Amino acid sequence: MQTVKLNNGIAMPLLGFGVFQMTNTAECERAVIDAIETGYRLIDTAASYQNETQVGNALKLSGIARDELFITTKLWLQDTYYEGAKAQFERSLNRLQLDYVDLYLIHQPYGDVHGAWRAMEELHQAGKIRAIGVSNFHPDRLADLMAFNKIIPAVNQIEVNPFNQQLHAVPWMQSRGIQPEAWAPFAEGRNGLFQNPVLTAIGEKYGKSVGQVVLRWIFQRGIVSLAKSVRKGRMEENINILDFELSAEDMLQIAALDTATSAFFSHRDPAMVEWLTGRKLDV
């Protein structure tokens, strides 16, 4: 499939599969097996999803060699500081049953981010992490982290969908050599995205679904995407986007949908800071 080269030279797939918090462990593990069988090699989890053990089990069941898989996980904020980042990272490796991860991200822009980053630089230099990055950082926070540290984040994973398009933040990242990676590309169906008349009409041009149109739009902007489903047939649809292309006119009509509004919440809202930093997880 198609990859992009990160700023440290490593290749990352452009199409990935993300897991999320799930009531049932079995469904999570079977989904990752199905995603690998479907052709996904980039697999994304996080310590806070509390499913790393299931993800690790699924990799063992997949029959695919370790060196062909690109595994991402993320540090949860109760350990965003120097000693904590190393402790939780080792817990994550143990749960995942891995000796290294391909990409490790700070999950949220909260806590002692600089201390956690220094730890992550050391873990990378120890050969335990192929690339380090962050998630949900605005450009100000990225510029701050770069100004004071040695390694520039390889990836910043942020919400990208047709109502929250990151029209400036994506070019700002790319201009600094940071690879954007999209989560919630479908805005979890919020605001009637699946029935949106513009996206539907573009899809009918190519015999593609709204979801395929959206993932193709993300791809054409040079952004890595994470798509989730627990149904194998949807996974097969989501990955099958390398056989068509959106025109300039199509891309224009999609850009016009932007409201620069998260489907979820703002990471700059102090109530969301207060809420997330108060969560206590056994990870």
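Sequential numbering from 1, following the sequence displayed.
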Response to the item:
Averaging the C-alpha temperature factors as deposited, the higher value of 124 to 132 versus 192 to 200 falls on 192 to 200
Discussion item. Regarding 242 to 250 and 217 to 225, which shows the higher C-alpha temperature factor on average in the entry?
Written reply: 242 to 250
Worksheet item: Taking the entry's C-alpha B-factors for this chain, is residue 99 in the lowest, middle or highest third?
Response: highest
Item to complete: State the tercile, meaning the lowest, middle or highest third, of residue 45 with respect to the CA B-factors recorded for its chain.
Response: lowest
Response to the item:
Of the three thirds of Cα B-factor ranks in this chain, residue 76 occupies the lowest
Discussion item. Lowest, middle or highest third: which one holds residue 206 when the chain's residues are ordered by CA B-factor from the entry?
Written reply: highest
